[PDB]
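For the record, the sequence lines run as chains A and B. Numbering (UniProt numbering) for the first sequence: 2 to 556. Numbering (UniProt numbering) for the second sequence: 1 to 556.
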Amino acid sequence: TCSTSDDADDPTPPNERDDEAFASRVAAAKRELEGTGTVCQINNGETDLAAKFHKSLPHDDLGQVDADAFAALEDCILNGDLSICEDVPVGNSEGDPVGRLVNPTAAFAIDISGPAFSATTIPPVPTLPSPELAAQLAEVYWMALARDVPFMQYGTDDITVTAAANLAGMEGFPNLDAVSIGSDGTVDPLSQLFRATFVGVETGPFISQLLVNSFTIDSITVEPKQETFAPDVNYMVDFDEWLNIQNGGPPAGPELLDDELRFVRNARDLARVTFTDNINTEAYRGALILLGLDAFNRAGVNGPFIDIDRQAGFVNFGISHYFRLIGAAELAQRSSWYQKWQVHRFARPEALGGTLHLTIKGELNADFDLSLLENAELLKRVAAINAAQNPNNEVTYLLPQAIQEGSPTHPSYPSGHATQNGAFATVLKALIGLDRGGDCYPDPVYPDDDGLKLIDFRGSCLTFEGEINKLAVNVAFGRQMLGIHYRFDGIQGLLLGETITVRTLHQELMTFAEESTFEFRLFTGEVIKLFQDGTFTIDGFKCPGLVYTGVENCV
Amino acid sequence: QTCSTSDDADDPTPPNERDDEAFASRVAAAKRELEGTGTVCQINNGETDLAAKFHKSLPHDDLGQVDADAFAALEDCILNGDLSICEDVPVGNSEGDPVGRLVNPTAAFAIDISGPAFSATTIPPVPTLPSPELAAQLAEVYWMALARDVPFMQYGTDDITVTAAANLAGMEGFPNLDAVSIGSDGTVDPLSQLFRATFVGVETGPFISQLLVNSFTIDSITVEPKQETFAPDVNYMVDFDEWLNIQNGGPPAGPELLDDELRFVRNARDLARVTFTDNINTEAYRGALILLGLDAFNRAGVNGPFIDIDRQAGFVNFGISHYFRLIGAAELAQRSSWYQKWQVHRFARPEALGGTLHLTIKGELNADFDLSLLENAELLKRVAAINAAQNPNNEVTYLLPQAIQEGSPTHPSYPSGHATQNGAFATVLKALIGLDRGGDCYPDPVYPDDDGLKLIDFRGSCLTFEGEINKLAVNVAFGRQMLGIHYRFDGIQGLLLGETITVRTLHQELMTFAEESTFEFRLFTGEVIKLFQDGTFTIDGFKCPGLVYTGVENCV
Ligand code: VO4
Ligand code: VO4
């Protein structure tokens, strides 16, 4: 049995390989220790249970949570114990899986890699009475009303031309997260409504090139015409059906589907993608397309290999590296879960929709800002679309859901889809690099209004990095378009995802033998550059912390 | 805001101790890896002949023998984890084609914070060039090339595969091949054993996994797996000059000829084509979506510890996030595969031993291949004839016909990186699905017809999910062998390396989870592993003595 020598072409002796791996890992962990320090989780401080998540617990007939049950939920959230979590009351005893709490104890796991779950933060949510919460909630209502308008008709359809005038008139609107908006405060329906200022999202067609172009997987070429939802029908707008879903009961039935396969061409379609995706499916498709277009090089001439001739990357700076992180970067979901349950615990849009509807009916008196509560233009359209749908044409102002089950049984903020899509977009941009990130997407297209044919897009350069960012914001805002998240869930989850992913990316980069760096553009536009000694820059400026904690701290 | 002992998080640990607690847990995890690893000795087969070593893309003489100083430059490149030193390795062809680049030789030297470090695991020494095991390993690769265009359901009648099976069973070292599928009577049944392995389920039912031939749905897009495949009969690198050009790092002679009709995978050439055009985990990702849709893994999160309780579902842990996260993350096993390829065994590819074989048969070289191969009359006459029909002026060569013009990637043979990653992904799918559901039968199994244009319903065996998951991994490993670029030891040892490594990572993560939970599933060779949060583990119910898992043979 060997000790100081063996057959490997390795400078370290066998009996030191174990110590060197330990030393390296202790140092890495020490760097997270020191770079982290004391991190303070802060929520908006409101105590109203109406603004908190409690879907699936027992509610009275006004959708108001049972006190004892909510206190058992707080018990469950705090203790990271399965058994205590099984003690939380359920509001419907039929045992349907949509009634189960979605893994409330998940956050309490220290992963050995990346930033620990409590090492990052996201901002407090706007309180229920605020002008910002009002405009955020109205925007989810207008998305629901605009679901069947084709994206290319946004500038001429009554619903979206109105949505843009009505939202721009709300006091809180200019304060919405990365809101697309003119300098004069107006909203252009075709290029700004339901958009964000992250790089490339406002340029060109609403839907990312990565969602409408063909992809090849194992020599199988796939055109992305999907099975989509039927137009014009929404769910949970009948009061008893809505209450039953808040109490944890089964959906009223399946969703109506369209008989014709179509490319994604309106918000209902985009929402459909996000209802039937599985973690990184959209980003995986984008990854394959980018590889096929040579934004990422399949033969491995990426990273430090672009400047040399003898070697190609694979495990590092090649497809092994890329597809590994496309899955591994989903680890940011653990931090997303801590934020959802242990910290913010914010009410989903359908729950606030119930509070609103009852307040409008005079059965509750929630303090919503008058910009929503007196928003006649929006509330009359909601009343009308619901009455058209409901038995006996009964009017409700509930938020129309594109799915019978409504939201998943976990808190609104942030969106897990937005956190994981921010992480996947960051992995793609970092491996493709800044230079290739700025090249223009070749032969860009947009689906026709029926989603049956692709039309050649003739306009500004759509950069690879912008189309990757667009893909991520499409997925985030597609959940909003189902009725189950607000813009703050999507924007702040995307940033949470980018920050955590820069931390893991930098951690791994420091271990690699070959000399190399990472360089790429963040969602807000700054260029980050990561170095193997632990240093990093934002637009050329060397940052002061030991580890990346967001652009705001690099000053 | 600042804070110290209290903030708005419902977390028992004060903010100012959360950094400390994460460092403590990480040190304890790294320490468990330190103490469970100890001294690990990397042992290769010890042969010194350069003909038995990888040196594709370096300068060679006209007999394909490596320039000696270039090879010592490559060893220095392998040893030092230095990009600049690796840029000094000589190249045998100046055209600058990307197929000539060395594939990331410094990759192994990176200590990943999670999982087993790159040098903490081993794979067995490769059979030496003169051994009967090597001879039968290489003959199998050649028979796979000769059987490329035979539809799997015609294996029992086609003279090529009927003879392959008998020829291989009569080779002295054949019975000692890695998990070789063979009767107790010593014969190989063409339909159910030829080019198969004894890993659970692989020998049951059709050759191709159900996960590769059934439709998958992605984002509401339903996909029928009819692929663009290679044309029949044509093989490449069978003309000596073309072969030599490829060994010196020159560009491929041309593109591969493709079939005009899209088809399901129905022969070895088609399975090879999958593996030529896949991307790390595309085959398992397709299988993962198929399994999820069949409820072998529950999309709503009723998996792992949630199966026995009513109030909660899994997601980050024991739900789809866990599942898709690990399907990509488990590719981390590729760092260890890279160490074994370059730093430890550095074994020559089948096309390289094929050039040595060819030249030895012609009397231009004198390699000591065992006589079971050098005097295999049945194999030699068929190789000569297929190559004479392919070559322009009908010149005979004994080179191993490749299914692709560029031949192997530019990195050593052992183990197969495709096999190591598919052993890891197979291991992730089984662990998350769990032992009980792993035993459920595939619901609607099929097999493609001989033209690969229609799916025929299969009957007469329960194809378990764990068995079809194992089959897919062995199909991907063996499809590289069907390209002409890997041996069976590359594939089976690669699959087992990927499994051990993944068990180590799965266990490490399991120990962190707040909820009480375990992992329990069946390994490739059939034993049931069960992993516990206190760091202990069992093999068929027997408590293992090591700190950490190091393979079935050490749990005794
Ligand atoms: O998955 V959301 O967290 O986007 O409901
Ligand atoms: O990728 V192989 O290592 O299977 O050539």
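By construction, the Cβ of each residue, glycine as well, lies at the ideal position given by its N, Cα and C atoms.
Quiz item: When the Cα atoms are used, what is the spatial distance from residue 557 of chain B to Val27 of chain A?
Solution: Here chain B comprises residues numbered 1 to 556, so residue 557 of chain B is not present and cannot be evaluated.
Exercise. Give the residues from the segment 64-78 of chain A that approach chain B closer than 7 Å (Cβ to any Cβ), ordered along the chain.
Key: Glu75 and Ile78
Self-check item: Rounded C-alpha distance that separates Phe54 of chain B from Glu133 of chain B
Solution: 19 Å
Exercise. May I have the straight-line CA-CA distance separating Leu211 of chain A from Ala424 of chain B, to the nearest angstrom?
Key: 29 Å
Self-check item: Option nearest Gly363 of chain A by Cα separation, candidates A:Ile43, A:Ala52, A:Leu63 and A:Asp10
Solution: A:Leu63
Quiz item: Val202 of chain A and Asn470 of chain A: beta carbons closer than 7 Å?
Solution: yes
Self-check item: Any residue whose CB is nearer than 5 Å to a heavy atom belonging to ligand 2, listed in chain order
Solution: B:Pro409, B:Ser416, B:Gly417, B:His418 and B:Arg480
Quiz item: Between which two residues does the alpha helix (DSSP H) containing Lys341 of chain B stretch?
Solution: Per DSSP, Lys341 of chain B belongs to no alpha helix (DSSP H) and is neither H nor E.
Quiz item: Under the DSSP definition of a beta bridge, which residues are partnered with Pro448 of chain B?
Solution: B:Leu455
Quiz prompt | Between the CA atoms of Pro15 of chain B and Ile113 of chain B - distance to the nearest angstrom | solution = 24 Å
Quiz item: How is the beta strand (DSSP E) around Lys530 of chain B delimited, first residue to last?
Solution: Segment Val528 to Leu531, the beta strand (DSSP E) holding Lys530 of chain B.
Quiz item: For the segment 297-318 of chain B, which residues have a beta carbon sitting closer than 9 Å to at least one beta carbon of chain A?
Solution: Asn298, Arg299, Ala300, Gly301, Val302, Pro305, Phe306, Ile309, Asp310, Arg311, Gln312, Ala313, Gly314, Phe315, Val316, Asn317 and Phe318
Self-check item: Given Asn235 of chain A as reference, the closest of A:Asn387, A:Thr500, A:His418 and A:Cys555 once Cα atoms are compared
Solution: A:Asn387
Quiz prompt | Exposure of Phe542 of chain B, with buried meaning 16 or more beta-carbon neighbours within 10 Å | solution = exposed
Quiz item: What first and last residue would you give for the alpha helix (DSSP H) that runs through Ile221 of chain A?
Solution: From DSSP, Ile221 of chain A is part of no alpha helix (DSSP H) but of the beta strand (DSSP E) over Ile221 to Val223.
Practice problem: Compute the Euclidean distance between the alpha carbons of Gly38 of chain A and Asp19 of chain B, then round it to the nearest angstrom. | Solution: 6 Å
Quiz item: Does at least one heavy atom of ligand 1 sit under 6 Å from the Cβ of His486 of chain A?
Solution: With a threshold of 6 Å, the Cβ atom of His486 of chain A counts as near ligand 1, since some heavy atom of the ligand is closer than that.
Quiz item: CB-CB under 8 Å to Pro448 of chain A, same chain, minus the five flanking residues each way: which ones, in chain order?
Solution: For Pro448 of chain A, where only same-chain residues beyond five positions count, the Cβ hits under 8 Å are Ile208, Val213, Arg263, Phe264, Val265, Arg266, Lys454, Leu455 and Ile456.
Quiz item: From the beta carbon of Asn248 of chain A, is the nearest beta carbon of chain B less than 7 Å away?
Solution: no
Quiz item: Does any CB atom of chain B fall closer than 7 Å to the CB of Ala385 of chain A?
Solution: Any Cβ of chain B closer than 7 Å to the Cβ of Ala385 of chain A would place that residue at the interface, and such an atom is absent.
Self-check item: Neighbour flag for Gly81 of chain B against chain A, beta carbons, 7 Å
Solution: yes
Practice problem: Mark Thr2 of chain B as exposed unless 16 or more other C-beta atoms lie within 10 angstroms of its C-beta, in which case mark it buried. | Solution: exposed
Exercise. Closer than 7 Å by beta-carbon distance: list the chain A residues that pair up with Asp112 of chain B, in chain order.
Key: In chain order: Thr512.
Exercise. Identify the continuous alpha helix (DSSP H) that holds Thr161 of chain A and give its terminal residues.
Key: Counting along the chain, the alpha helix (DSSP H) containing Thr161 of chain A begins and ends at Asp159 to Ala169.
Exercise. Could you say which of B:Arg196, B:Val40, B:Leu83 and B:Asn248 lies nearest to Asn317 of chain A if we only look at CA atoms?
Key: B:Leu83
Practice problem: Alpha carbon to alpha carbon, how far is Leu547 of chain B from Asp540 of chain B? Give it in angstroms, no decimals. | Solution: 17 Å
Quiz prompt | Per DSSP, cross-strand counterpart(s) of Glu520 of chain A | solution = A:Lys530
Quiz item: When the cut-off is 7 Å and only beta carbons count, does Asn104 of chain B lie next to chain A?
Solution: yes
Quiz item: Cα separation between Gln493 of chain B and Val383 of chain B?
Solution: Between the alpha carbons of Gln493 of chain B and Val383 of chain B lies a distance of about 28 Å.
Quiz item: For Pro251 of chain B, which residues in chain A fall below 9 Å Cβ to Cβ?
Solution: None at all; the shortest Cβ gap to chain A is about 12 Å.
Quiz item: For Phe216 of chain B, which residues of its own chain have a beta-carbon under 6 Å away from its beta-carbon, when the five flanking residues on both sides are left out?
Solution: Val223, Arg286, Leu289 and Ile290
Practice problem: Report the residue ranges of all beta strand (DSSP E) runs contained in full by the segment 469-506 of chain A; include only those spanning at least 3 residues, in chain order. | Solution: Runs found: none.
Exercise. Note down, in chain order, all residues in the segment 34-51 of chain B with a beta-carbon under 8 Å from any beta-carbon belonging to chain E.
Key: No chain E is present in this structure, whose protein chains are A and B.
Practice problem: Report the three-state DSSP secondary structure of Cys41 of chain A (helix, strand or coil). | Solution: coil
Quiz item: Nearest-angstrom Cα distance between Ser461 of chain A and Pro232 of chain B?
Solution: Taking the straight line joining both Cα atoms gives about 45 Å.
Practice problem: Tell me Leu244 of chain A's beta-bridge partners as DSSP assigns them. | Solution: Answer by DSSP bridge pairing: none, since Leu244 of chain A is not bridged.
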